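When reading the values below, keep in mind they use all heavy atoms of this one structure, side chains included, and skip hydrogens, waters and symmetry mates. Residue numbers start from 1 in every chain, and the chains themselves are labelled A, B, ... in the order their sequence lines are given, proteins ahead of strands.
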4 protein chains.
Amino acid sequence: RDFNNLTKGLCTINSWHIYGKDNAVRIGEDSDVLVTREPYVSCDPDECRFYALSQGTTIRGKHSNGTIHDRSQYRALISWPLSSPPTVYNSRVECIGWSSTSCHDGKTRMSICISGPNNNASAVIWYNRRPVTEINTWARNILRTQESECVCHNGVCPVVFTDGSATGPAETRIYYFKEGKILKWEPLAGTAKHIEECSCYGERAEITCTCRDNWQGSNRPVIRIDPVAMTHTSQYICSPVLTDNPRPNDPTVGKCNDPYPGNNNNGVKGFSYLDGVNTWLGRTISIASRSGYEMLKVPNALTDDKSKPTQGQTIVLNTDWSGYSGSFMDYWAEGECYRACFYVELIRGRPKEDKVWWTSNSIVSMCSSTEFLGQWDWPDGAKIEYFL
Amino acid sequence: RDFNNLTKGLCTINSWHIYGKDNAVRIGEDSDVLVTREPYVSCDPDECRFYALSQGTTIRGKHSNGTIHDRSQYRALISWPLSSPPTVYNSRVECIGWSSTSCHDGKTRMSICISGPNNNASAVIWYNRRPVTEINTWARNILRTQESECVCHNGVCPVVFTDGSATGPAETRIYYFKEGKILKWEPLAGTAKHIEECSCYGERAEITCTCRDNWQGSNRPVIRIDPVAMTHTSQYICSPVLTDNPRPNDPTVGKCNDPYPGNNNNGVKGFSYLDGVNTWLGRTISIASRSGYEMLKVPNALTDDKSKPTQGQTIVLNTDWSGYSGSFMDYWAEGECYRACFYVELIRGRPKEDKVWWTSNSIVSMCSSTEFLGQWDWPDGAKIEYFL
Amino acid sequence: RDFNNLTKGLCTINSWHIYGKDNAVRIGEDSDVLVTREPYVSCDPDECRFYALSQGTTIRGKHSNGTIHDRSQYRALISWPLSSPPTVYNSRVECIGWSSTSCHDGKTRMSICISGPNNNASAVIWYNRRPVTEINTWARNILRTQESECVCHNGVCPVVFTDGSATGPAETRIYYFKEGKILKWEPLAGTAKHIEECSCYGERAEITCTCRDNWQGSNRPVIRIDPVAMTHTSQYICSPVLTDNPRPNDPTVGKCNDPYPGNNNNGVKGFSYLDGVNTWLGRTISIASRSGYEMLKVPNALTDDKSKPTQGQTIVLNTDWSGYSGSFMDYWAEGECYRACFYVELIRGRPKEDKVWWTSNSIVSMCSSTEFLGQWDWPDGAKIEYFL
Amino acid sequence: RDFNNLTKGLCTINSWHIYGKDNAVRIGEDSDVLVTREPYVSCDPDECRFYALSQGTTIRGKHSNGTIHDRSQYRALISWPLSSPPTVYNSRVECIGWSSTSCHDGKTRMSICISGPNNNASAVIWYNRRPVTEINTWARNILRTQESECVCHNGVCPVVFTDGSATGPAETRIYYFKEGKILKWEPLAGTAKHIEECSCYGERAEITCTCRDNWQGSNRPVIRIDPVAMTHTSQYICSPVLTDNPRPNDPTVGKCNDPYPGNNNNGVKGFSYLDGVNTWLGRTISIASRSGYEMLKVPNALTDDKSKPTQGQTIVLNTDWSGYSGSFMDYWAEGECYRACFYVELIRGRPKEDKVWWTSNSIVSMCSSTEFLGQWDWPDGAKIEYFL
Ligand SMILES: CC(=O)N[C@H]1[C@H]([C@H](O)[C@H](O)CO)O[C@@](O)(C(=O)O)C[C@@H]1O
Ligand SMILES: CC(=O)N[C@H]1[C@H]([C@H](O)[C@H](O)CO)O[C@@](O)(C(=O)O)C[C@@H]1O
Ligand SMILES: CC(=O)N[C@H]1[C@H]([C@H](O)[C@H](O)CO)O[C@@](O)(C(=O)O)C[C@@H]1O
Ligand SMILES: CC(=O)N[C@H]1[C@H]([C@H](O)[C@H](O)CO)O[C@@](O)(C(=O)O)C[C@@H]1O
Ligand SMILES: CC(=O)N[C@H]1[C@H]([C@H](O)[C@H](O)CO)O[C@@](O)(C(=O)O)C[C@@H]1O
Ligand SMILES: CC(=O)N[C@H]1[C@H]([C@H](O)[C@H](O)CO)O[C@@](O)(C(=O)O)C[C@@H]1O
Ligand SMILES: CC(=O)N[C@H]1[C@H]([C@H](O)[C@H](O)CO)O[C@@](O)(C(=O)O)C[C@@H]1O
Ligand SMILES: CC(=O)N[C@H]1[C@H]([C@H](O)[C@H](O)CO)O[C@@](O)(C(=O)O)C[C@@H]1O
Ligand SMILES: [Ca+2]
Ligand SMILES: [Ca+2]
Ligand SMILES: [Ca+2]
Ligand SMILES: [Ca+2]
């Protein structure tokens, strides 16, 4: 009933514990599970849920053929109970479209879906499950947003959008929403040169987003937002522990204010928690494909251009498929600190497994522990041969 | 807890944004989706839902054979969560029958289903999910009603019924319900010559219904209802932009008080928003079949017999199947005006696609934006060949 | 929150309107619908539901083979939303067993299931969805009860049980429950000679049950219960309009205090509303099998041994299968009178349709109207050939 | 809203009445039922539910192949409505892992799941459906817990864990949780020599757990816990009525403080109610396999090393498969005493039925009656041949 404020710091991250896993592809082999991609997790004050972009067809359905494609009229933001699969029967549609974000402000939820042709897309902003505001494309080139949850502070929920080229300069804007209405927007500033798919979290009245530089950067750009002043800055993770994909091999020195070069015109959505010595980065294990997943403790990664790992945890083996990854937290949990969480999208099917005509995924997520817990690896678990 | 009153005017309609889409036929290829037709959308104070007439069988079911037929003992008004498909497992039965309307009065919902043989049908009026009033056929020839939501003002919810010929004069009545009980009824008056399937909306204490003249009219008849005085008038859309189907080509001058001739004994359910310069008409793109769908801004369409379009938006391409269309609004949304919405029924199967033995549909709906948003088209999306 | 009292009389029954229909066999041809039999309907203060005895298998399932049998360890009382089918996914288990009754007292629901071998059955009485009281077989021969709803007055809910022979004298008891606990029980008294499967309703502080005399009677026995005094009487419907099945042809004079002879050791569950001139009897149309269903207005049927029909309504054609029938009312509806309702079980499969190895049913129900409504017939609607 | 206290004694157990049965394997032959094992039952103040460890696949699914294995990344604690089957669509995930316990403290529920590799497992303790505490393996050898409900008193919920060898001494700890946080833990004390899979219940401020001595004991070890002092003792059931499996034949004298020998390195989860003369033991009927199930009244079983049965009830015939068994009660029921309940896991498939490639189960549960009720037997009911 009151707006949530980001009054807590991050809990100390000494390891990662299992939080949720839906095993959707394994289950959907013989049940009515929707084809998805671009998943995430997001909490309300009373419940945490899985989110994704449906493809408007089940995996066993004949319409799963062609679901490698990102943008169609048959996609929607859906949510469903934590660690359940996204089924026809339990999935709740938040809005229609092929790019999305969602977050709860303490009173109710804002959800945003973008749809349309590449040269004529529009965002619709829903609040309390009703449409409130619409925003037309400004650069006529795939208006797109975070693909993971936004974050609110005292009713203000900033959102990062990009419109324009994926392979060159583009037009990124930060919109400050309150009750679904635009209070303010700003063009991107600071030293980040290209922004896509920001993964955001909040602590002590500041919002930190780790994004994707698709054009040039194999280091990740970072936007930090003041939701009270409604202003921001941007830079890159200084660390030579490079966290995009594909990427070149790790150097000994990163770049703070420019893209680390070697790979152009590609990338993957990812995240980090940047908190002094309590800093952890996620990356694919493979430098070449969306394969494996690990967390690395890299003290002062944001500001130290020579920072290297001091601790890690494997999440997905390099012999298993990963995908997108992003940040969320339960802002309504008990205790004195916010417990960092993340999910990894485990992509199955095309293009890496082309004996099937579909592309989908399942989800695994973890939250931080102050213990030093033993590690397991967490693969999707399905046998593609079963679908043949 | 208090009855809703129609105290707001329409918001300015500068374009249409995507509101919901269930992709039911695509999904139902490989999941337990009910065969439907005659869908619509209707809001409660806390939730908006999809509605339709079930055929009492799934699409993949063997009993889907013969579902081209309109009236059987196996039909029911069902509702289900917005943008979900109507499945066996999530569909809520409102009442039994093969013609329906439904609306929430601010306190609770009235639903009306008609059933019976052609010469002996009866309406049952449910209120708060209990049967309250029954009305026997008066002309012994397919008692039938709106096939989209009714509208209430201070507890009074008028409903348009017709009984008698589809190809000649018939007996249309306006019933004024309150808490499921008949306060009053009137025979149709004014200059409309035949009435079927009224699509209604409310603003500033007046209810406007755009209907179907099946007998002679390719322009659409309009009934306007005063729910306080419980009186009405009727006429036609004066505009030469003709909105029934099938229809002749558009002339340069319409008819205000008579059917525009050229096509007899056929039609399709449709709608309009008639609000001075803020007037938008829906129509099929094709003059010959239920094919394509567009919105056209036609200032003063109701009263100006030479009014032509000043703006439009394609909703469904002429190379895709459409169907019935109708009006609803979220009367319980925030803000200072009512946002116009509509749905289009996207019919698949018979008679146009006769390699399958069924007829069903999916739903797409839009609401108005005060922005000038880019357009997409929104087809059903299923491949009939998959069902062979 | 207070116990319901039976303070109203019956509404005037001038005809019957459609109330609910699940089309379960049609739907279950291609969806996960449970095999059932012995269905009924029962209301809570906020909701009316369908009830039946599951067979613990779907209709398309291989375990549907053998479901002609009445009593197994795999049966349960289930309930589900009105006019939905009883599916694996929406069916709520009330208790385990192969004979049941259920009713809401205004505060919460009592449900009773009997299970066990023929010579060692026991009833368990649940109240507020917890087990409270148990009753062991007293005659060691299929302890059994109503197979339709019980009725409560000020917290007292009487229930009719029988234990002993189906083809000879047996031991019938009336148990008076309050909050799941036995206040009192009585052995059957009056002139009814054999009692099974009582269909009960309540009005003006009196409960009337129309039952099945399996041993000798083709007229139906009637128990009338005073739930305040906790006493009862019994007799037969005096009317020569005979309402059991199988039965001989109607005579011109019935029997008030003895079984009307001609058919031994068989019958079907049925019901009536006995209310002076406002008296309506249900029966199968066929005298030989569970085929067709009609309602007949038979003024003073209970007390007039020459009473004949003055009005009727066909519910199911004689060319369609029927089955069990029973009474319920919405005791929590608005208005000044209780509206009589009933359901008919539409049995499909064995023994009448033996090309399938299963037996199941769907449900149709009607409530009374004070109008003289036109009639339709309401068959199950499934094609058995589809299941071959 | 207040913590529950164990203020009542056990009701007198004169027999066992049927409480719930899901028939999951029968149903899942033709519906989307999850593969499970290690089930139990547990009540909240408003609802009792079935619980089990999913295998993250349906039974008909191709991924059911290999589900004989106990520990994978695809397992989760799920719960679902009482006597329903665990389906994809109705199952709620409590946490991720391959060993679990769960209990409600009167205010909210604690659930515990352990996951990880054998040498590096960890428990996560959820409370109010959020992760609160984590515990790393202490002996690096399959950290594991009860596989049935825990019990709380004034907010304190003790839990028994074991880590280390299954075939030798191991390290068992009793953790005392309150609101998901560790108040205290103790190493196992008393004369029990090996502890696994404790089945617990509470009465008069004391918690009694009957466990599994896998290493040496065919009598069952017992831990009794004081949740106020947070202290415990342990011993064995003195009775010569031996209740583990496999086991040697019953002797005439048991052992109170040592394992009864004859069978090493194997066992099954089981339970008892130890209450002076009101003492009942469950066991498999077979001494060799998980076959049959009976309850035996064995006065003073705990303390009398010559105690023999005075009464019994067969639950599952020796010609039917059983499995794990455990205790729960509805601590929130009305009345003056706690009614003892239990479930039996009915395992189907491997290793005993190896013509199928899966292993799963269904559930049956009973609660005590103060009547002397007739008995039935309660098999799983599925035909394995149907799955071939
Ligand atoms: C809105 C949209 O189409 N987003 C798509 C993006 C963009 O193509 C890139 O961010 C380049 O801008 O990336 C994906 O293709 C990918 O890499 O898996 C998936 C995603 O659906
Ligand atoms: C999941 C999986 O099998 N990953 C393998 C990948 C992929 O096969 C290709 O990168 C895709 O083209 O290749 C590796 O050489 C790599 O990139 O580190 C090794 C890894 O074992
Ligand atoms: C009650 C009823 O049968 N309504 C049917 C109507 C009427 O036939 C026409 O309005 C003529 O009166 O139109 C349809 O056939 C149609 O055109 O798709 C469908 C609809 O189910
Ligand atoms: C969805 C679709 O394919 N529509 C086509 C229709 C139909 O084929 C017929 O009208 C049905 O008989 O025909 C058109 O000539 C028309 O009417 O404008 C062109 C349009 O492309
Ligand atoms: C408890 C029980 O077995 N009830 C069964 C009864 C009894 O056999 C009769 O009432 C004779 O007592 O009738 C049926 O067989 C029937 O006629 O369709 C179905 C029902 O399940
Ligand atoms: C549903 C149905 O087909 N009913 C028919 C029944 C059954 O075939 C047999 O009674 C069953 O053995 O037979 C009749 O002669 C009858 O009894 O009145 C006519 C009726 O048309
Ligand atoms: C955590 C774990 O693996 N538990 C497994 C246990 C242990 O192996 C034994 O208790 C020996 O410690 O027993 C089972 O194998 C069994 O006997 O059916 C099933 C269960 O899943
Ligand atoms: C369910 C079942 O069939 N149980 C039978 C079992 C099993 O076949 C084997 O014990 C498994 O190997 O064997 C018995 O000799 C036994 O142990 O008492 C008899 C019993 O009838
Ligand atoms: Ca990049
Ligand atoms: Ca027309
Ligand atoms: Ca009889
Ligand atoms: Ca053992």
Please identify each residue that fulfils salt bridge (charged side-chain N to carboxylate O under 4.0 Å, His left out) with A:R339, with sequence neighbours left out. D:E134
More than 12 heavy atoms of other residues, nucleotides or ligands under 6.0 Å from NZ of A:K297: yes or no? yes
Report the residues that fulfil side chain to side chain donor-acceptor pair (under 3.5 Å) with D:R49, sequence neighbours left out, ordered by chain and then residue number. D:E47, D:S79
Taking the side chain as every heavy atom from C-beta outward, state whether D:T359 and D:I347 have any pair of such atoms under 4.5 Å apart. yes
Side chain A:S199, main chain A:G270, donor-acceptor under 3.5 Å: yes
Quick one: are the A:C367 and A:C341 sulfurs under 2.5 Å apart? yes
Between A:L10 and A:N278, does the side chain to side chain contact (heavy atoms under 4.5 Å, CB included) criterion hold? Intermediate values first, please. CA-CA 8 Å; A:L10 296 186; A:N278 193 46; 3.9 Å; yes
Nearest heavy-atom approach of D:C198 to D:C209 is CB-CB, 3.9 Å
Distance-only, no hydrogens or angles: does the A:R283 side chain make a donor-acceptor pair with backbone N or O of A:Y293 under 3.5 Å? no
Cut-off 3.5 Å, side chains only: do D:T145 and D:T101 have a donor facing an acceptor? no
Starting at CD of A:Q313, measure out to NE2 of A:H17 and round the result to the nearest 0.5 Å. 10.5 Å
Answer yes or no: does atom CH2 of D:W138 have more than 12 heavy-atom neighbours from other residues, nucleotides or ligands under 6.0 Å? yes
Answer whether the closest heavy-atom distance between the side chains of A:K308 and A:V298 falls below 4.5 Å. no
Flag, side chain of A:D377 to backbone of A:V316, donor-acceptor distance under 3.5 Å: no
Is there a donor-acceptor pair under 3.5 Å between the side chain of D:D105 and the backbone N or O of D:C152? no
Nearest heavy-atom approach of D:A170 to D:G164 is CB-C, 4.0 Å
Does any N or O in the side chain of D:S327 come within less than 3.5 Å of the main-chain N or O of D:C200, such that one atom is a donor and the other an acceptor? yes
Taking the six-membered ring of D:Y324 as reference, does the cationic atom of D:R37 (NZ for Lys, CZ for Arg) lie under 6.0 Å from its centre and within 45° of its axis? yes
Between the CD atom in A:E345 and the CD1 atom in A:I363, the distance rounded to the nearest 0.5 Å is 8.5 Å
Output yes when a side-chain donor or acceptor of D:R92 lies under 3.5 Å from a complementary backbone atom of A:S84, and no otherwise. no
Would you name the heavy atoms of A:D22 and A:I27 that are closest together and state the gap between them? O-CD1, 3.5 Å
D:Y236 to D:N257 - nearest heavy-atom pair and separation: CD1-C, 3.9 Å
Should we count CZ of D:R129 as having more than 12 external heavy atoms under 6.0 Å? yes
How many angstroms lie between atom CD1 of D:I142 and atom OG1 of D:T162, to the nearest 0.5 angstrom? 11.5 Å
Considering only the SG atoms, does D:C150 lie under 2.5 Å from D:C103? yes
Can a side-chain donor-acceptor contact be found between D:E149 and D:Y51 if the only test is distance below 3.5 angstrom? no
Answer yes if the side chains of A:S368 and A:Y273 hold a donor-acceptor pair under 3.5 Å, and no otherwise. no
Looking just at side-chain N and O atoms, do D:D163 and D:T137 make a donor-acceptor pair shorter than 3.5 Å? yes
Can you label the angle between the D:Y175 ring and the D:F177 ring as parallel, tilted or perpendicular, going by 30° and 60°? parallel
Carefully, step by step, assess D:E94 and D:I78 under the rule side chain to side chain contact (heavy atoms under 4.5 Å, CB included). CA-CA 6 Å; D:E94 308 298 346; D:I78 51 158; over 6 Å; no
D:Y331 side chain vs D:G202 backbone, donor-acceptor pair below 3.5 Å: yes
A:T284 (side chain) donor-acceptor with A:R290 (main chain) under 3.5 angstrom: no
Over all heavy atoms of both residues, which pair between A:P85 and D:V88 is shortest? Give the atoms and the distance, please. CG-CG1, 3.7 Å
Do D:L53 and D:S100 come close enough that some side-chain heavy atom pair is under 4.5 Å? yes
Assess whether side chain to side chain contact (heavy atoms under 4.5 Å, CB included) is satisfied between D:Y40 and D:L77, documenting all intermediate values. CA-CA 10 Å; D:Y40 51 105; D:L77 181 58; 3.3 Å; yes
Could you check whether any side-chain heavy atom of A:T243 comes within less than 4.5 Å of a side-chain heavy atom of A:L296, counting everything from C-beta outward? no
Salt-bridge contact D:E147-D:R212 (side-chain N to carboxylate O under 4.0 Å): no
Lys/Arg N to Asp/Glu carboxylate O, A:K8 vs A:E336, below 4.0 Å: no
If you measure from CG on D:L188 to CD1 on D:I223, what distance do you get to the nearest 0.5 Å? 5.0 Å
So does D:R173 pair up with D:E186, basic N to acidic O under 4.0 Å? no
D:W80 vs D:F50 aromatic rings, parallel, tilted or perpendicular, using cut-offs 30° and 60°? perpendicular
Can a cation-pi geometry be assigned to D:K107 and D:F3, taking NZ or CZ under 6.0 Å from the six-membered ring centre and within 45° of the ring axis? yes
Flag side-chain contact, heavy atom, 4.5 Å: D:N264 against D:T167: no
For D:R109 and D:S42, test the side chains for any donor-to-acceptor distance below 3.5 angstrom and give the result as yes or no. yes
Donor-acceptor check, side chain of A:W280 to backbone of A:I13, threshold 3.5 angstrom: yes or no? yes
How many angstroms lie between atom CG of D:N65 and atom CH2 of D:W357, to the nearest 0.5 angstrom? 6.0 Å
D:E38 and its salt bridge (charged side-chain N to carboxylate O under 4.0 Å, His left out) partner, picked from D:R144, D:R75, D:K269: D:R75
In plain terms, say whether A:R348 and A:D320 are close enough for a salt bridge, that is, a side-chain N and a carboxylate O under 4.0 Å apart. no
D:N120 meets the side chain to side chain donor-acceptor pair (under 3.5 Å) criterion, sequence neighbours left out, with none
Before accepting this row, confirm whether a basic side-chain N of the pair D:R130/A:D330 lies closer than 4.0 Å to the acidic partner's carboxylate O. yes
I'd like to know whether D:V93 forms a side chain to side chain contact (heavy atoms under 4.5 Å, CB included) with A:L82, so could you lay out the CA-CA distance, the side-chain angles of the two residues, the decisive distance to 0.1 Å, and finally the verdict. CA-CA 7 Å; D:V93 181; A:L82 194 81; over 6 Å; no
Under 3.5 Å, is there a donor-acceptor pair between the A:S362 and A:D380 side chains? yes
For D:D213 and D:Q216, indicate whether the former's side chain and the latter's backbone hold a donor-acceptor pair under 3.5 Å. yes
A side-chain contact here means heavy atoms from C-beta on lying under 4.5 Å apart; do D:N265 and D:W215 qualify? yes
If we ignore angles and hydrogens, is there a donor and acceptor under 3.5 Å between the side chains of A:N300 and A:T279? no
Side chains of A:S291 and A:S286: do they bring a donor and an acceptor to under 3.5 Å? no
Is the ring pair D:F342/D:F271 parallel, tilted or perpendicular, if the boundaries are 30 and 60 degrees? parallel
Nearest heavy-atom pair of D:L6 and D:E206: which atoms, and what distance? CD1-O, 4.2 Å
